[PDB]
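Please read the structure below before turning to the comments.
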Amino acid sequence: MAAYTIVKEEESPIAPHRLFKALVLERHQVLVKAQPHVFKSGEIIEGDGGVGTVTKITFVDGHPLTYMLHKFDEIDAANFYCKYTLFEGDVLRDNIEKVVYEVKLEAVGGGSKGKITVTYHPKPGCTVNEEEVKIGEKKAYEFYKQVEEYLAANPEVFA
Amino acid sequence: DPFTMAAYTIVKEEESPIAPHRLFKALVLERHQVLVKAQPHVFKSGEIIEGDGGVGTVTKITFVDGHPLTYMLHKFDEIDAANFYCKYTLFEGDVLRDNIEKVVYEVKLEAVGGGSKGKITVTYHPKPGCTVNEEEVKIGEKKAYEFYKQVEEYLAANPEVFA
Amino acid sequence: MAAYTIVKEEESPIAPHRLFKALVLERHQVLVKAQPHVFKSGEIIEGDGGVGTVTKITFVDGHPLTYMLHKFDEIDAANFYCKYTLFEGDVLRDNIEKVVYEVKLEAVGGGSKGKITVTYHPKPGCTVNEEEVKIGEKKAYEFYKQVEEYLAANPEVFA
Amino acid sequence: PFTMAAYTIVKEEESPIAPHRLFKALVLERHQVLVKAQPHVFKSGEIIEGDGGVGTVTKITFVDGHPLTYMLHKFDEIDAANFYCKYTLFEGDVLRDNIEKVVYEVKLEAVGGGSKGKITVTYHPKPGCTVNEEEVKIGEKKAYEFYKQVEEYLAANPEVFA
Amino acid sequence: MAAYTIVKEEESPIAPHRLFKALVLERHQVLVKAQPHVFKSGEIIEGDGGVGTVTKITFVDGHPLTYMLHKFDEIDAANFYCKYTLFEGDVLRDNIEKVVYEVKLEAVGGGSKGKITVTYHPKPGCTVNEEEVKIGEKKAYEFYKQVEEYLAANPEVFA
Amino acid sequence: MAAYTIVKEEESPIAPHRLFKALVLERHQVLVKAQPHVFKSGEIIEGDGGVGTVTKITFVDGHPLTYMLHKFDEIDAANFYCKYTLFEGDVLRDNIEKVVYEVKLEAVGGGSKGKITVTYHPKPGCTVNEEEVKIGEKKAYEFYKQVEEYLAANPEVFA
Amino acid sequence: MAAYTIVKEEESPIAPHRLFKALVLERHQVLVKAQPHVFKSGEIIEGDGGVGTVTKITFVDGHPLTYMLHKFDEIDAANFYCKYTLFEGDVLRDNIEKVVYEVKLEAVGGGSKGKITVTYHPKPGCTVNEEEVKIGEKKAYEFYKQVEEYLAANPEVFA
Ligand SMILES: O=S(=O)(O)c1cccc2cccc(Nc3ccccc3)c12
Ligand SMILES: O=S(=O)(O)c1cccc2cccc(Nc3ccccc3)c12
Ligand SMILES: O=S(=O)(O)c1cccc2cccc(Nc3ccccc3)c12
Ligand SMILES: O=S(=O)(O)c1cccc2cccc(Nc3ccccc3)c12
Ligand SMILES: O=S(=O)(O)c1cccc2cccc(Nc3ccccc3)c12
Ligand SMILES: O=S(=O)(O)c1cccc2cccc(Nc3ccccc3)c12
Ligand SMILES: O=S(=O)(O)c1cccc2cccc(Nc3ccccc3)c12
Ligand SMILES: O=S(=O)(O)c1cccc2cccc(Nc3ccccc3)c12
Ligand SMILES: O=S(=O)(O)c1cccc2cccc(Nc3ccccc3)c12
Ligand SMILES: O=S(=O)(O)c1cccc2cccc(Nc3ccccc3)c12
Ligand SMILES: O=S(=O)(O)c1cccc2cccc(Nc3ccccc3)c12
Ligand SMILES: O=S(=O)(O)c1cccc2cccc(Nc3ccccc3)c12
Ligand SMILES: O=S(=O)(O)c1cccc2cccc(Nc3ccccc3)c12
Ligand SMILES: O=S(=O)(O)c1cccc2cccc(Nc3ccccc3)c12
Ligand SMILES: O=S(=O)(O)c1cccc2cccc(Nc3ccccc3)c12
Ligand SMILES: O=S(=O)(O)c1cccc2cccc(Nc3ccccc3)c12
Ligand SMILES: O=S(=O)(O)c1cccc2cccc(Nc3ccccc3)c12
Ligand SMILES: O=S(=O)(O)c1cccc2cccc(Nc3ccccc3)c12
Ligand SMILES: O=S(=O)(O)c1cccc2cccc(Nc3ccccc3)c12
Ligand SMILES: O=S(=O)(O)c1cccc2cccc(Nc3ccccc3)c12
Ligand SMILES: O=S(=O)(O)c1cccc2cccc(Nc3ccccc3)c12
Ligand SMILES: O=S(=O)(O)c1cccc2cccc(Nc3ccccc3)c12
Ligand SMILES: O=S(=O)(O)c1cccc2cccc(Nc3ccccc3)c12
Ligand SMILES: O=S(=O)(O)c1cccc2cccc(Nc3ccccc3)c12
Ligand SMILES: O=S(=O)(O)c1cccc2cccc(Nc3ccccc3)c12
Ligand SMILES: O=S(=O)(O)c1cccc2cccc(Nc3ccccc3)c12
Ligand SMILES: O=S(=O)(O)c1cccc2cccc(Nc3ccccc3)c12
Ligand SMILES: O=S(=O)(O)c1cccc2cccc(Nc3ccccc3)c12
Ligand SMILES: O=S(=O)(O)c1cccc2cccc(Nc3ccccc3)c12
């Protein structure tokens, strides 16, 4: 059970409830707001917006990837806590079974602090892509920095 | 030590939809300014005379002229703006009514959902061998809660006001 | 202290996801479509429909009553299980601190079955009689009925 | 309608005894030090819950002839390292019907081969009834005399807790 | 950047509050009781059972490895959760920066459920020895049991 | 022109007033108690023990070195700070006018943390034999460690 | 690891409530005032004009370096005592990690005298180049010399 893991910490001028709404609860929608050139649509197909909720993110028709689904494992918007899981979608490929994210945020001034952890759950006797991992933190970190900048400059959004 | 003069302490537990950073700011840091903005008929101005809006800072809160009162003097004893903590003391001004040595405000807030949780604890300190009026206490808490409640509605209404 | 406990076991032709949506998850917004001659507005004042959510139902201007705020406690919608708190509002008389409903449905063929466990808790400052505890029941029994008629005649709603 | 009162006493103190010493005697081991200093007033004292850390509770018992009989205490916050503690006298016959509980905050600091302390004690009234100086001064003088007693033995014995 | 993670779930017949005191809280001393042949000492350098506790170990002089050092990130003693990291040691080979221990137990019947995660963080540039992984599990597992049975055979131990 | 100052930070189980006394105030007398094969005598030749005080420390006979004189420039015992300086002796070779010593200690639990800064000042138109600094620290640290162990065993010395 | 230390005692007719501000508190805006050709911009991007603040001086298009960042380990704007650290920026050659500047201004009638301790601290095994010290000591003394003029020139400013 060899699972590669990236546990990191970040810090923002953006407020923590706001950033959470943007990067966790509303992520499926916000992905399409920040990258209309990559994602055609983002929805919920199962759940009411809390634990057990299932989203469907669809790439534009010209993108190599097709779609992904994530499920909400635990959510406690009270203390900016959620653990979700990417359990279906081409990006996974054949070597990976599901990618699990666990996010913890907290206010530090008018801004935030967060502990983000990614763990890749490989299929029986497969090699987790070390490269797939660099691509993972890459795609997100950009997204997170891209959102942070919209928000900074549009303070009424999710405020 | 025949006695260590007894002091009067109120411990409050309060909650807002306002995010702890907007409130730490509106009612602690820029309070001096937000009072006059919120209640421009009672206070002409608030202005930091000493320090640079940080620890050991002291402000002068000024009432109108016709108003019984004139100026209030607050000193900043402890701050951790990151964690929304503050000790700030009231010492120079006639709001005491020539009997209280000082009033000790201790404040701690924390985020919840889209809002705040709040630790407030007021302590009234008299000058040598004087009584600590229940009266002033009734009023020290009542004017501030009203104050607080006005500034909440503002910030709920105007959602970009504090940063 | 001690409280009055109404416990029940009702049965319905409507499927349980249709009732759970109509009478638990969207109750607040459904009380106004059905009793627009009583209620002006229903709304979540805070929450993601999760567990710490709070809704607000407002009575019409003339109505002797003014408002109620309900705050979910824990949910399992998939299973149609919900415990939800009536913590404040004009409706609570001085004798009542809160009223706790415990909802759990199951399927019965093309219909449903459900047990309800409504509890009136008082304030130390007063005691609980039966006239009021009997009214709550009527209000809420009569509501469902009005809704059953509706979920039966329009099968598209929350199906 | 208003927030209930409670009475606080702030003290600032200075000792020529090293501070880790007095943190052991009047705080971490108050329950055992109280009997050694005052076997005349106390029969025993001891722990009943925990192993010294946050949440730890202790029990105090006065001889069979004393008009008081026992006292309970819970440790709210311990940061021994900087000599800060917050504990609560929450149960025993010492709480005259008006008193609900007594909260004690203590911070100590090094000053040469001795120390400086700031002690704050907060009495909390129970619904309806009111607190008064009675319980307080008596409470103030009991704690102080004990400590002086501590101070004179800790000095008279350099290696004890040193 | 990427770490080797080990997620483990087993479950043992002992009340959580009893394993907890042995396999983690006092795991310094009871590690000798367990192996008075591989283990020389069990010590708590600092921490009064306080989070941020750091222990000190040393195998018998014969053993090639000198000692092991742990800090306790957090301990929910009341809740039977603990996070601890192996931060220094001869056992901590020159290619591993730290090995993190995430353990959470809870009562199940008259037994326990064991899920624990250990993460292997490699010192900058190194791949980390996949040997130290297989090894890590076997050694702290074999010891898992010893301590189970013993505690099983004495119901008065840490009651 | 610029001198060499080595900024150190250390930790002792001993209390700061103990460290400070032993390693600073009666240091001239302890060096002989701890190292009577190295040293013959410690004394004060120009001072009362207050600021601007001078000690005279002779090395046993048949020893390379002959003696050393230090002056106590700043003394704030209350906060455990000191500024003293070696300015005379064959131990200071041809180069360096004066290596300066600055000790700042703090209480912590049953012990103490320290901050020490040695500032080696080159001799008029010279370089600093940065190999005499390597030599200076060692002996001063052993002296220390010997004193540490000595004070721990006998907890009545500098109480 | 050794460090390079500067003991410089200066003088100046110009009043210290102006130099101190210029030379320390508003140095970031004034560097950029005395040498527009060396720097195009300089600002405070963190902290709030007090101990713990961080500055960003931005060298012009035509410079090897483009920016450096300073931190105020300590401020005392009434006794004219400061202690700020150069933590980040290109100027720090692989062998230098930070420079610690301790300044103290005293009042000599209508002017000042001073003591500046500049201490360059090396990274893990690396050592500072004699070069690295005279450079820093000079463009800075030079800067000071232009301001002695600037100010004296016009008592209007900083008075
Ligand atoms: O404004 S929102 O959609 O709320 C929004 C919310 C959060 C992040 C966003 C990033 C980019 C663009 C947005 N809006 C946008 C505006 C114009 C065109 C396309 C997107 C973002
Ligand atoms: O799935 S939904 O599409 O919202 C859905 C649609 C219509 C009625 C539903 C009733 C109960 C639970 C649902 N979902 C749900 C999903 C996950 C967890 C808990 C409840 C219902
Ligand atoms: O550069 S950033 O957006 O800052 C970026 C910031 C921080 C971390 C990053 C990690 C991986 C990839 C990026 N790639 C990337 C790739 C293409 C465009 C933009 C970014 C990261
Ligand atoms: O592009 S960024 O992450 O901004 C980037 C920034 C700085 C250094 C990089 C080194 C390798 C790969 C990158 N990116 C990358 C992006 C996509 C696929 C593969 C590699 C680097
Ligand atoms: O969901 S995110 O990573 O945030 C994401 C953010 C932005 C762009 C993305 C594009 C492709 C795949 C994603 N997910 C993905 C997940 C795991 C592995 C590889 C790609 C993207
Ligand atoms: O950007 S990442 O860490 O890659 C990221 C990856 C996946 C989910 C995330 C959710 C919330 C915030 C993020 N970042 C974040 C950054 C700064 C502060 C707080 C959170 C998330
Ligand atoms: O953010 S950084 O942490 O520096 C960072 C981390 C990792 C990779 C990065 C690649 C490009 C730019 C960065 N910075 C960046 C910063 C803000 C906006 C866009 C890119 C990268
Ligand atoms: O807008 S005001 O009417 O003054 C106002 C009225 C009442 C309460 C206020 C509280 C905070 C900030 C305000 N204004 C504000 C204005 C500019 C900058 C920052 C705050 C408040
Ligand atoms: O409680 S108030 O009386 O308004 C109050 C009185 C005095 C000082 C206060 C400082 C901060 C916040 C307050 N209120 C507060 C309320 C809710 C949450 C957080 C703080 C203060
Ligand atoms: O007196 S208090 O309400 O405490 C009070 C406190 C502080 C400022 C006040 C300003 C105007 C009127 C008040 N009260 C008031 C009282 C009686 C008649 C009319 C007005 C003020
Ligand atoms: O309480 S304050 O928030 O500073 C405050 C807030 C708003 C209005 C006030 C009016 C008068 C006196 C104050 N202080 C005060 C303090 C102690 C006793 C009596 C009045 C007022
Ligand atoms: O009682 S207080 O808690 O102060 C109080 C606090 C906050 C708001 C108040 C509003 C109206 C009356 C109060 N009572 C009141 C009573 C007598 C005179 C004036 C106001 C309010
Ligand atoms: O439609 S209404 O005429 O408002 C309506 C009228 C009367 C009773 C109703 C009961 C349940 C749902 C309704 N409507 C509804 C409509 C859309 C979605 C969910 C419920 C009811
Ligand atoms: O307060 S809300 O207005 O929804 C809100 C608004 C914006 C961002 C939020 C982030 C987390 C939790 C919320 N609310 C929440 C409320 C109750 C329980 C749990 C979370 C957020
Ligand atoms: O029962 S509810 O279902 O919320 C309800 C449903 C429909 C109509 C109602 C009208 C008034 C009060 C309610 N609540 C209420 C609560 C307790 C006692 C009496 C009435 C109503
Ligand atoms: O109002 S009465 O019918 O008189 C009434 C009287 C007595 C008990 C009742 C209980 C539930 C509902 C009522 N009304 C109701 C109305 C329509 C449908 C179902 C029940 C009750
Ligand atoms: O029973 S009622 O009186 O309408 C009622 C009263 C109070 C709370 C209720 C909550 C859910 C469903 C109801 N009715 C229901 C009806 C059929 C099947 C399952 C639930 C509730
Ligand atoms: O706990 S102490 O104060 O340390 C204490 C010290 C020494 C003797 C004491 C005797 C009785 C009661 C105590 N407590 C007490 C508390 C409140 C009121 C009056 C007495 C005594
Ligand atoms: O203040 S006393 O009332 O005796 C006292 C009362 C209750 C607890 C105390 C704990 C530590 C030290 C005290 N005195 C102290 C004195 C001098 C220096 C340091 C501490 C304590
Ligand atoms: O005699 S003691 O028993 O200590 C004593 C105990 C309790 C209260 C005291 C009050 C005043 C003076 C005392 N003596 C005193 C002695 C030295 C310094 C300060 C006060 C008190
Ligand atoms: O550390 S290991 O490298 O796996 C290891 C290697 C060899 C023997 C071991 C014996 C006991 C515990 C281990 N680990 C361990 C870890 C934490 C607490 C207690 C024991 C042993
Ligand atoms: O060693 S092996 O049998 O290879 C082994 C193989 C697979 C899993 C193991 C787990 C724990 C201990 C082992 N050995 C062990 C051996 C002797 C005493 C205690 C534990 C394990
Ligand atoms: O540092 S001391 O602690 O005095 C020291 C203590 C004990 C023995 C010493 C022997 C030689 C040189 C020293 N110092 C020295 C100092 C500067 C340069 C070269 C040597 C000795
Ligand atoms: O020590 S200097 O190298 O000049 C120096 C270098 C860099 C920054 C300085 C800031 C204030 C004073 C200095 N000294 C000083 C001395 C005499 C007159 C004016 C300034 C500074
Ligand atoms: O003349 S300087 O004052 O340095 C100077 C100041 C401002 C901008 C400069 C741009 C290029 C070269 C310089 N000279 C230079 C000289 C030697 C090495 C590197 C650059 C610049
Ligand atoms: O010329 S500077 O522009 O500082 C300069 C810039 C960059 C690198 C330099 C290297 C050596 C000497 C310099 N200057 C120098 C100046 C006077 C005397 C001796 C050396 C360097
Ligand atoms: O650049 S040079 O003079 O060559 C120079 C060379 C070598 C060392 C220097 C030290 C300080 C200032 C310089 N220049 C300087 C220039 C004008 C006024 C004050 C000092 C130094
Ligand atoms: O910041 S100052 O020295 O005052 C300074 C003042 C004026 C111009 C400077 C140009 C380059 C580098 C500096 N500093 C520097 C410092 C340490 C090492 C290397 C360069 C300059
Ligand atoms: O730069 S000047 O052109 O004089 C200048 C022009 C306009 C406004 C100024 C304000 C402050 C300091 C200056 N100069 C300054 C110059 C050197 C050192 C310190 C301050 C100002």
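Every chain is numbered from 1 and lettered A, B, ... according to where its sequence line falls, protein lines coming before strand lines.
- Shortest non-hydrogen contact noted between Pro20(B) and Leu109(B) is O-CD1, 4.2 Å.
- Between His66(D) and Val41(D) the shortest side-chain heavy-atom distance falls below 4.5 Å.
- Between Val11(B) and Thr3(D), the closest side-chain pair of non-hydrogen atoms is not below 4.5 Å.
- Considering CZ of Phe43(B) and CD1 of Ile61(B), their distance stands at 6.5 Å, rounded to 0.5 Å.
- A distance of 11.0 Å separates CG of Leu86(C) from NE2 of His121(C), quoted to the nearest 0.5 Å.
- Using modelled atom types and a 3.5 Å distance limit, the side chains of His32(B) and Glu30(B) yield a donor-acceptor pair.
- The residues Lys87(B) and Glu78(B) are annotated as salt-bridged, a charged nitrogen and a carboxylate oxygen being separated by less than 4.0 angstrom.
- In this structure, the separation between CD1 on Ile45(C) and NE2 on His70(C) is 10.5 Å, given to the nearest 0.5 Å.
- Applying the side-chain hydrogen bond (donor to acceptor under 3.5 Å, both in side chains) test between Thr4(B) and each of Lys11(D), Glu12(D), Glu140(D) identifies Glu140(D) as the sole match.
- When each of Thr89(B), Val55(B), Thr57(B) is paired with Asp77(B), the side chain to side chain contact (heavy atoms under 4.5 Å, CB included) condition holds for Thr89(B) and for no other.
- Between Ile48(B) and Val58(B), the shortest heavy-atom contact is CG2-O, 3.2 Å.
- Taking the ring centre of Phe91(B) as origin, the terminal cationic atom of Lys75(B) falls inside the region bounded by 6.0 Å and 45° from the ring axis.
- Closest heavy-atom contact between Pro122(C) and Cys126(C): CB-O, 3.7 Å.
- Looking at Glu14(B) and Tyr145(B), their side chains do bring a donor and an acceptor atom within 3.5 Å of each other.
- Judged purely by atom type and a 3.5 angstrom limit, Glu135(D) uses its side chain to pair as donor or acceptor with the backbone of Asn132(D).
- In this structure, a donor-acceptor pair under 3.5 Å is present between the side chains of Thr69(D) and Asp93(D).
- Between atom CD1 of residue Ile79(B) and atom CZ of residue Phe84(B) there is a gap of 14.0 Å, rounded to the nearest 0.5 Å.
- In terms of the side-chain contact (heavy atoms from CB on, under 4.5 Å) criterion, residue partners of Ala26(B) (sequence neighbours excluded) are, by chain and number, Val151(B), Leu155(B), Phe162(B).
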**OP:** Could you check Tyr123(D) against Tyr7(D) for ring-ring contact (aromatic ring centres under 6.0 Å, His included), going step by step and ending with a plain yes or no?
**Re:** CA-CA 5 Å; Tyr123(D) 294 81; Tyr7(D) 306 73; 8.6 Å; no
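- Contact annotation: the side chain of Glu100(D) never approaches that of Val131(D) to less than 4.5 Å [non-hydrogen atoms, C-beta and beyond].
- Side-chain contact between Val106(D) and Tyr104(D) is absent, with no heavy-atom pair separated by less than 4.5 Å.
- Contact of the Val28(B) side chain with the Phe76(B) side chain is registered, since non-hydrogen atoms from C-beta on lie closer than 4.5 Å.
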Please assess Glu15(B) against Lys117(B) for the test salt bridge (charged side-chain N to carboxylate O under 4.0 Å, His left out), listing each intermediate value before the final yes or no.
CA-CA 5 Å; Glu15(B) 315 157 27; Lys117(B) 217 175 201 169; over 6 Å; no
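- Within the 4.5 Å cutoff, the side chain of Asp64(D) has heavy atoms near those of the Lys43(D) side chain.
- No more than 12 heavy atoms of other residues, nucleotides or ligands sit less than 6.0 Å from atom NZ of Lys118(D).
- The distance from atom CD of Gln150(B) to atom CD of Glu153(B), rounded to the nearest 0.5 Å, is 9.5 Å.
- Of all heavy-atom pairs spanning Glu152(B) and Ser16(B), the tightest one is OE2-OG, 3.1 Å.
- Residues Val108(A) and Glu106(A) are not in side-chain contact: their nearest non-hydrogen atoms beyond the backbone lie 4.5 Å or more apart.
- With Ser116(B) contributing its side chain and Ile18(B) its backbone, the two residues share a donor-acceptor pair below 3.5 Å.
- Residues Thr9(B) and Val122(B) fail the side-chain proximity criterion, which asks for heavy atoms closer than 4.5 Å.
- Salt bridge present: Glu146(B) and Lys143(B) bring a charged side-chain N and a carboxylate O closer than 4.0 Å.
- Heavy-atom minimum distance, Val64(B) versus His41(B): CG1-O, 3.2 Å.
- Residue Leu92(C) holds its CG atom at 9.5 Å from CG of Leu69(C), rounded to the nearest 0.5 Å.
- A donor-acceptor pair under 3.5 Å is formed between the side chain of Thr62(B) and the backbone N or O of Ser45(B).
- In terms of heavy-atom proximity, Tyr88(B) sits nearest to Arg31(B) at OH-CZ, 3.9 Å.
- Annotation: cation-pi geometry satisfied between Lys60(B) and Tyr71(B) (NZ/CZ under 6.0 angstrom from ring centroid, within 45° of ring axis).
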